[PDB]
Each structure stands twice: as structure tokens, then as C-alpha cells.
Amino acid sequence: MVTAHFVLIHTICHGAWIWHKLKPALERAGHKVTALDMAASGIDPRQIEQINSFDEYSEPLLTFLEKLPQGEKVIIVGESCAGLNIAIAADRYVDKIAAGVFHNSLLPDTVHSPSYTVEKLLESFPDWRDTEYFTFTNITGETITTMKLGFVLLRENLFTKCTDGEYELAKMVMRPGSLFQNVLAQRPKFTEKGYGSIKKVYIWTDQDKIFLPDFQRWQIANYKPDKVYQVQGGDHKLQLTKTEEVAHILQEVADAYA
């Protein structure tokens, strides 16, 4: 059994806290874990109106990767939209990445536009329920749509099978976030030399009520991962409903990719 350094990356609106159970589980098995707040997330001091793109939003992951002592690789694990952080980071630091794990998450490709998987998600799941929307204007004049996720969305669609304790936590710390979709739509594609070349492991459940099965199979068919692990039951937040399951999958990820 390899021991590895996981870097855990939350989805927009969330923060390092989503990982509060998975992190000590990986550590009991002797792994090093880093759970990072992205910009304007968790207890990051920035607000979302000071952030101009998904690449800026990824700053804390990139900064973290820049300081990582040479020879060291990490396994980056991303939930939901954090798939985009993984692609951004692999195009800047391919050298330092053993593998990217996609945890009910967007799976960008290199053929299409980075906003491609976002587009397909919003076709798959177009009704965000009691979610509220807002806009501000970025550094070069783009209208950025932000969101405060709805509590009924949170209950039923992301945290479907979670504990009340965990659902209540999530309402206590959820923050505004953005897909920066229209800025993604204008961004150079992810590259083959960087993102294209890292190992990619995909983890999901068919019980997910926001990243739906037809969408998630579509992702797997669109850009074939190296490994696909399907967890039975649970919900979108497998790191909360299937913590040990995920800890064991991640061990197999460390076993195959170091």
C-alpha cells in the first residue's frame, strides 16, 4: 500500500469544510492531506466580485502547487465543478500531478471549449430551484453570473442522503459562487501536453440527484477515463455519505498512480 499526498478541492460555493470527514479518513491510512479553500470560498477572505475568471478562482490551488517541493506529486480530487480546477492546474503543473480524481464532477476534454461540460450540465439539469442569481461586472466588462444555492436544492439535490447535521453545516457556511461560464467559453481549450496527459479516475453514483446518470454516462463516453468506479447508493456528496468507500477508492488510486 502506497501512501500519497491528496489535494482536495471543493466545488463553487462550498469550501474546504465539505471534506471535513474524508480528510481524517485518508490520514488514518497514513496519507498526507491538503484541503484548500478556493478564492471567495470557505474562509478565504476574498468576495466573488473581486474574482474575474475561473483561473483566478483557482489561485489557491496553483499557488499551492508552485510551492510544492520538487519530485513531489499530488493526487488532486475535485467534486462537481472542481473538475475545471483540475484541468486549469494540469495545464500549469503537469509535472506535479500523479492523477486527477473526478468526484461526481465535471470532466472537461481538450477537443471542445472549456465551457463545454458546463453547457451539457445545464442542459441535463436546467432548473436550479430556489437558487438565486446576481451579476457584477468583471475587470474587462464581462457580466459574471453569481449564485446563492437554494436551501431546497441543497437539501434534495446535493445533500439528498446526508445527515441533518451535515445539511445544517452546509447552510451555515455556503457562500456565493460562479461558473464564469461565458469567460470559460472564450478561454483557450485545455491542452493535450498538460491536462490531456494526466491520469484521470472518475468516481460516481447513479443515485446523484444533481449530476444525473444520463449526464454522467455521457461524460464517461465523451472522454474515456483511465478508471471508472461506481459507488452504490449514497448521494452527490459521496465524501459525506460514502466516506470510507471513497477512502478505499482513493487508496486504489494511490496504489495505481503513486
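Numbering starts at 1 and runs along the sequence shown.
Averaged over their C-alpha atoms, the temperature factors of 35 to 43 and 214 to 222 are higher for 214 to 222. For the pair 101 to 109 and 172 to 180, the record assigns the higher mean C-alpha temperature factor to 101 to 109.
Listed residues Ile76, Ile144, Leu149, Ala185 were ranked by CA B-factor as deposited; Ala185 comes out on top. Remark: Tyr229 belongs to the highest third of its chain, ranked by C-alpha B-factor as recorded. The entry lists a Cα temperature factor for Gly83 that places it in the lowest third of the chain's modelled residues. In the deposited entry, the Cα temperature factor of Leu61 sits in the bottom third of values across the chain's modelled residues. When the CA B factors of the chain's modelled residues are split into thirds, the value for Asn138 lands in the lowest one.
Among all modelled residues in this chain, the alpha-carbon of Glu192 has a temperature factor (C-alpha) in the highest third.
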